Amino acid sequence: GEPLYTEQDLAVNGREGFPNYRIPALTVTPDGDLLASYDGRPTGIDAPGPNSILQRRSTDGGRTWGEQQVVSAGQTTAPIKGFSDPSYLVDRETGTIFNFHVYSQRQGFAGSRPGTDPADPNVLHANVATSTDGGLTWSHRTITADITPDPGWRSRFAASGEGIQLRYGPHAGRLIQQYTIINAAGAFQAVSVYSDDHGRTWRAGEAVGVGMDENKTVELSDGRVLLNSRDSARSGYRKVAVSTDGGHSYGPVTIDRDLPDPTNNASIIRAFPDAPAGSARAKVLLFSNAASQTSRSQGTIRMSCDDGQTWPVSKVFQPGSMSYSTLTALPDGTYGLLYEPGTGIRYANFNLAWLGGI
């Protein structure tokens, strides 16, 4: 077809109530509405800043966006509370939407102490907001205790963006959301948090790697779950691991030289999420990140047609400043992209024809 690439800002620093906006999360409701979530930052900083989780909705495929509404409101007055780094997760079977995020008080990620008590202001808590009405109203839950099987895990945070629901195998229906934890030795590890009962209970899998950070997972054509991670040890590339199970454990972590990265968040999705297992279309992956190894710039989309082995097609969508980016498959066959150009958060829409390879 004919190449399509358009973009418009959803939030710009200083307008609509907050001096700074950051951290994109994007998803599509079962009704087909597009939901964009991000941080509203009063002091322009990460947790423990008294941040708010915000949301904008589009009912016409991303063309027009409704007003900025608050999902979780931070408290700028003492007792200070903050809510940051959103990640959406839609249970396509039940139609339920989840929005995972941090619940901070006195500490952020690096400073969190061990503990699980919601009342303890020294721990960085894990929260989930649940909606059964398409993202209109939300019910909140602190699940730190449920996802901390090892008392030595002193900190954690859901990787911002969008999680997944498995379609194949013995664990089909399973909701997976990635987290980064800091263990007793001070090591940064990746871990899958999942639910087999459509969100009633959440539990952690086995932690993997060292030098890990914000990480994402995708279900491959054979049902294997590929983990793609930001490298906190700064190799200049993305780290990768694979899981063949559901009681999540991942194999060894290796550096992927095909994916340069300056130690920043990225997104990896299935181009055709509904394709049947083993089919050619099920092997197609899209990846968005900053390709520069020296700075957060040169935002590009890469495409693989072999479950992530090779990435023969790539195109730059933002030559300049580009930090965090997330992708989702829209029902019209195109792709939504929420990203950070340095001025707040911007929404972009593109199709495969635009990519050039196919």
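Residues carry their position along the shown sequence, with the first being 1.
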Give the stretch, out of 181 to 189 and 242 to 250, with the larger mean C-alpha temperature factor in the deposited entry.
-> 242 to 250
The stretch carrying the higher mean Cα B factor in the deposited entry, 65 to 73 or 291 to 299, is 65 to 73
The residue of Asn127, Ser139, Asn265, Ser87 with the maximal C-alpha B-factor according to the PDB record is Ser139
Just grab whichever of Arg230, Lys283, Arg113, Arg156 has the top CA B-factor as deposited.
-> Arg113
Hey, what third does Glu93 fall into on Cα B-factor, ranked over its chain?
-> highest
In terms of its chain's C-alpha B-factors, the third that includes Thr334 is the middle
Based on the entry's values, in what third of the chain does the Cα temperature factor of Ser37 lie: lowest, middle or highest?
-> lowest
If you rank the chain by CA B-factor, which third does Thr343 end up in: lowest, middle or highest?
-> highest
According to the PDB entry, is the CA B factor of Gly278 in the bottom, middle or top third of its chain, that is, lowest, middle or highest?
-> highest
